[PDB]
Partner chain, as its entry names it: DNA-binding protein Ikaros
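Starting off, we have a lone chain in the form deposited without the partner chain, written out as structure tokens.
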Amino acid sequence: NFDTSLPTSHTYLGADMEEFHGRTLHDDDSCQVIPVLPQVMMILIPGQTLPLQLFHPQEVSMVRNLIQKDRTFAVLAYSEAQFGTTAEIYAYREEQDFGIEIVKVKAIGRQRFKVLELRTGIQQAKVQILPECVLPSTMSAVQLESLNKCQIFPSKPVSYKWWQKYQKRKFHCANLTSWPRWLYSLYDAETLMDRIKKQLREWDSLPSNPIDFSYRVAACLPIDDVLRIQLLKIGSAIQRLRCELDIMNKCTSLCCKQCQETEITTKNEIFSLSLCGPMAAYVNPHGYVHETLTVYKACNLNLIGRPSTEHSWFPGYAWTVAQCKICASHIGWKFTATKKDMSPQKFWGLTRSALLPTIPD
């Protein structure tokens, strides 16, 4: 095998970046005016990491000044745009060697917002912060006071009766309400997270806070720009986790987005080469961003040009352009090992914008 922490540290971007201890948040429902960077297209998720490479003096100004000292710009989901996410710069290097100015930055998604107005070649967006909606348990409202003492349980051994036990003791006071234990169970952050864990385990810990967890798996899920806007629209951790379980059951195959009815890969094949997941965002040399998904097998693709390690997002591997056999539409890349001792000798990296999740039959 190879070092799984390497892809998330974006080593292909260069040697070293000055780091900033990020602590600026805007309070809920507020109206903020934030810069929007040109030619950035992606739907960015809170906690997700975003690397960039800037060449236009336009861009290079926006950031140079951003560094002092908000460090945050706005990323938009394009339908143009109804919603988006604040991204805060946590690392930055400014190379002007050969007299050519490049700015490389690593930002992280922070807050979800609703677009009010969009003014202008740099954009500034009028933006209302959407609150992260945090709810107690379903039972904390109807819970008998006498049974409060039992709400903490002995912790789970590192085994399924424990969950039957958990369900029986935590949701006991359902009897006071008009629904069963097993219903309240389907809105229980702790349960849902566990059900999601097991699926994510087949791609082999992680956050314990439901908000974080729900945002971490949100960024892993290979879905399409129209479905990504949906979860982004979602304000609740619970509804995020739920909806996320839905996709993981309902979306087994992955097809060419362009010619639509053509299978590239399946759930079975998805694996986390990156520590972060089966999917992360990566910049190419011209500054374009790709959320690429690592799979073992991929069908109906043609390979053109020569395997190359040039600017490779996976140190140790060379990339070859892969495209849909039918439509010729560029679906992603095949990665091959350069050492005969490395595990995965090949894997496919598929760009998310090129795919369409399908529920077969």
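Numbering follows the first chain given and starts at 1.
Coordinates are lacking for 4 to 9 deposited residues between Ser79 and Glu80. The deposited sequence places 4 to 9 unmodelled residues between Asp204 and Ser205. Comparing the deposited coordinates for 272-280 and 176-184, the stretch with the larger average C-alpha B-factor is 272-280. In this crystal structure, the stretch out of 35-43 and 300-308 whose C-alpha atoms carry the higher mean B factor is 35-43. Per the deposited coordinates, the residue with the largest Cα temperature factor out of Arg119, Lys233, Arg110, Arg242 is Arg119.
In this entry, the residue among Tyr166, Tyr160, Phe213, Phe73 with the greatest C-alpha B factor is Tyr160. Annotation for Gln128: C-alpha temperature factor in the highest third relative to the rest of the modelled chain, per the entry. Compared with the other modelled residues of the chain, the Cα B-factor recorded for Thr262 ranks in the highest third. Residue-level temperature factors show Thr351 in the lowest third of its chain, judged at the C-alpha atom. Annotation for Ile67: C-alpha temperature factor in the highest third relative to the rest of the modelled chain, per the entry.
Split the chain's modelled residues into thirds by C-alpha temperature factor. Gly99 is in the highest one.
Omitted here: the form deposited with the partner chain bound. The next part is about that form.
Judged against the partner chain in the bound PDB entry with a 4.5 angstroms heavy atom cut-off, the residues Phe83, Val115 and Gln124 are out of contact without exception. Only one of 328-336, 61-69, 36-44, 292-300 places residue heavy atoms within 4.5 angstroms of the partner chain in the bound PDB entry, namely 328-336. In the bound PDB entry, the partner chain sits beyond 4.5 Å of every heavy atom of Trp162. The shortest heavy atom separation between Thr252 and the partner chain in the bound PDB entry exceeds 4.5 Å. Residue contact check for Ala318: none of its heavy atoms lie within 4.5 Å of the partner chain in the bound PDB entry. For the chain shown alone, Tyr288 is a contact residue for the partner chain in the bound PDB entry, at least one non-hydrogen atom being within 4.5 angstroms. The partner is absent here, but in the bound PDB entry a heavy atom of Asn284, alone among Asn284, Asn209, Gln260, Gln199, sits within 4.5 Å of the partner chain.
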